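Chains as they are written, first to last, in the working numbering: chain V, 727 to 769; chain W, 1061 to 1260; chain H, 597 to 683. Here a beta-carbon is modelled for each residue, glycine too, at the ideal position from N, C-alpha and C.
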RNA sequence: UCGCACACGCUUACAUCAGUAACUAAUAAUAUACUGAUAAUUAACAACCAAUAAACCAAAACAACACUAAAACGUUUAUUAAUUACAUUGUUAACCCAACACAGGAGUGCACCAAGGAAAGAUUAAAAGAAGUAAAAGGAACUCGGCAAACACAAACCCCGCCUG
RNA sequence: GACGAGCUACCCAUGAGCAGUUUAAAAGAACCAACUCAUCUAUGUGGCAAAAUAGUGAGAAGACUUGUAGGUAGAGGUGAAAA
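Pasting the structure below:
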């Protein structure tokens, strides 16, 4: 079949911006993303 | 009185498994049981407490059946002793005396005011901490002797121990003595009790 | 500038006391009613609003997917005795 | 023949008009799945809302009852307090996950038809291959083994594991 | 140093699903559709498909299946235990 089973709630909760803010490492992720000049910090 | 119990299933607050093979069983409603028995205080008076046994019921959290107790001004649940009958009067007194009066198997008395040699259960460890001993069905303790301000109790594990005199205990034996004679017959019942197969 | 009227566009036929409009997305029905009553001096019996999501189109030059601005449309029911006809 | 509705989702695919040298659907026909421009229905539908403090025992199986595994959702009383709570979003657009317009994939309610799809390029009747049908007489003579396969399942005897998994 | 339990393994919370027939009381036994599995054979072998299709076979009220909301990760987790 496949390893992918799309869900919006799980994606927005887990990979969301607020989740990135709740942890320092996530802040570092957003940090390196903005350092790389990503147009989107979240998919 | 009935409370909803939260099954951990071997999961702590961290989420790690500290105990293997626990889960997949039916749910449970925890029934409030009084292990204290030393507290007439809710009636706002030092006087004794009289009780009446309405019915005997099964409990999810223990193999021992639970007895419904009503004083008529209150309703509490206890652990049913062997030979317990419906409509029996249960006397509870924290008073200390040298009279040494024999009581019914449903009553509760301190180790000091209680005669030596009588089979007992629901024995407390430390005063006010509730009974930590012999809450299982079919078992019971026995008072060996009295030394100083303490009383020597022989536990069902045959170990000789010393329990404080001020600790209240219920006389008699716990009911459901045939619980150990129950044959499971299949792994399914074990899965119903919440016991998962252990390959460890 | 926030609102405009559309008549001959909608395929639905409601010539009697029903007018179609394009509105802003943030504007509630009540404020639309009050605005249409005070500014244009006409009675409004009812307002029914819905949001139309904007279509998307790509761009081959920069190779970039784009989307047209989102819209919101409204349908107003005026007082009895009026007929809306426009081309 | 097997599919219509509710979703989680999927971000104008869709409806109309116009144009298809070219690309796009392995081609044509054309187009629900191409370009360009222009249409995209509501609600009594689905999301979004009172704070607390007290009372009560005797599970669910169309269940007086019984059994076991000892029981999803439930109600009542009192106090405080709320306004336009005539509102806000979304549906109804077309379907989607596996690099593909991919015989593979999944949740819920009820039909099996008055719903829906046509093996939608054409010839040749070679060998050979795949699926399927039939056969004289013998009836396992095949083969590592009745594999396979049409017909059927009557009887025999062992090893291991109790068994339902 | 971090990212991973939307696959899968286990578990927590909250829901849903599992015709019919013989039967002495029996959610009790056996057979058999859905659903959950993949016994044998054949086909497929830059495929319809980087796990398939056809016939056949197992479970199918149970240690069952499944939706949604969660938990456990590499000096480990999980594992009716096969490295």
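Continuous alpha helix (DSSP H) stretch holding residue i: start and end
{"i": "residue 738 of chain V", "result": "734-740"}
{"i": "residue 752 of chain V", "result": "750-762"}
{"i": "residue 1250 of chain W", "result": "1247-1253"}
{"i": "residue 631 of chain H", "result": "625-634"}
Segment limits, beta strand (DSSP E) that includes residue i
{"i": "residue 1112 of chain W", "result": "1109-1117"}
{"i": "residue 671 of chain H", "result": "667-674"}
{"i": "residue 1201 of chain W", "result": "1201-1207"}
{"i": "residue 1183 of chain W", "result": "From DSSP, residue 1183 of chain W is part of no beta strand (DSSP E); its letter is neither H nor E."}
Nearest-angstrom beta carbon gap, residue j and residue i [assumed within contact, 8 Å]
{"i": "residue 632 of chain H", "j": "residue 669 of chain H", "result": "No, residue 632 of chain H and residue 669 of chain H are not in contact; Cβ-Cβ is about 15 Å, not under 8 Å."}
{"i": "residue 1151 of chain W", "j": "residue 1110 of chain W", "result": "6 Å"}
{"i": "residue 745 of chain V", "j": "residue 739 of chain V", "result": "7 Å"}
{"i": "residue 675 of chain H", "j": "residue 639 of chain H", "result": "4 Å"}
{"i": "residue 1070 of chain W", "j": "residue 1083 of chain W", "result": "7 Å"}
{"i": "residue 1198 of chain W", "j": "residue 1113 of chain W", "result": "Not quite, the Cβ-Cβ distance comes to about 20 Å (not below 8 Å), so this is no contact."}
{"i": "residue 661 of chain H", "j": "residue 652 of chain H", "result": "7 Å"}
{"i": "residue 1157 of chain W", "j": "residue 1173 of chain W", "result": "6 Å"}
Per DSSP, the bridge partner or partners of residue i
{"i": "residue 1141 of chain W", "result": "W/1234"}
{"i": "residue 1228 of chain W", "result": "W/1170"}
{"i": "residue 1090 of chain W", "result": "W/1063"}
{"i": "residue 1003 of chain W", "result": "Since the first residue shown for chain W is 1061 and the last is 1260, residue 1003 of chain W is missing from the structure and cannot be characterised."}
{"i": "residue 1128 of chain W", "result": "W/1115, W/1137"}
{"i": "residue 663 of chain H", "result": "H/652"}
{"i": "residue 1151 of chain W", "result": "W/1110"}
{"i": "residue 645 of chain H", "result": "H/670"}
{"i": "residue 1191 of chain W", "result": "W/1184"}
{"i": "residue 1164 of chain W", "result": "None; residue 1164 of chain W has no bridge partner."}
{"i": "residue 640 of chain H", "result": "H/674"}
{"i": "residue 1082 of chain W", "result": "W/1255"}
{"i": "residue 658 of chain H", "result": "Beta-bridge pairing links residue 658 of chain H to no other residue."}
{"i": "residue 1077 of chain W", "result": "W/1071"}
Residue from the options whose Cα sits closest to the Cα of residue i
{"i": "residue 647 of chain H", "options": "H/659, H/634, H/665", "result": "H/665"}
{"i": "residue 1190 of chain W", "options": "W/1157, W/1224, W/1146", "result": "W/1224"}
{"i": "residue 643 of chain H", "options": "H/663, H/628, H/660, H/661", "result": "H/628"}
{"i": "residue 1147 of chain W", "options": "W/1116, W/1125, W/1177", "result": "W/1116"}
{"i": "residue 1177 of chain W", "options": "W/1198, W/1185, W/1202", "result": "W/1202"}
{"i": "residue 1097 of chain W", "options": "W/1086, W/1213, W/1170", "result": "W/1170"}
{"i": "residue 1254 of chain W", "options": "W/1077, W/1074, W/1081", "result": "W/1081"}
{"i": "residue 1195 of chain W", "options": "W/1229, W/1256, W/1077", "result": "W/1229"}
{"i": "residue 1061 of chain W", "options": "W/1089, W/1108, W/1121", "result": "W/1089"}
{"i": "residue 1248 of chain W", "options": "W/1187, W/1077, W/1205, W/1086", "result": "W/1086"}
{"i": "residue 1065 of chain W", "options": "W/1104, W/1103, W/1120", "result": "W/1120"}
{"i": "residue 1143 of chain W", "options": "W/1155, W/1127, W/1154", "result": "W/1127"}
{"i": "residue 1188 of chain W", "options": "W/1238, W/1242, W/1154, W/1212", "result": "W/1154"}
{"i": "residue 1186 of chain W", "options": "W/1204, W/1175, W/1211", "result": "W/1211"}
{"i": "residue 616 of chain H", "options": "H/645, H/622, H/636, H/624", "result": "H/645"}
{"i": "residue 1175 of chain W", "options": "W/1123, W/1217, W/1213, W/1258", "result": "W/1213"}
{"i": "residue 1241 of chain W", "options": "W/1099, W/1200, W/1123", "result": "W/1123"}
{"i": "residue 1125 of chain W", "options": "W/1238, W/1243, W/1245", "result": "W/1238"}
Inset, instruction - Give a yes or no on contact between the region 1228-1245 of chain W and the region 1167-1186 of chain W, applying the rule of three or more CB pairs nearer than 8 Å. - result: yes
Legend entry - Cβ contact (3+ pairs, closer than 8 Å) linking the region 1137-1144 of chain W and the region 1080-1094 of chain W: yes
Legend entry - Inter-stretch contact (C-beta, 8 Å, three-pair minimum) for the region 1153-1165 of chain W and the region 1122-1132 of chain W: no
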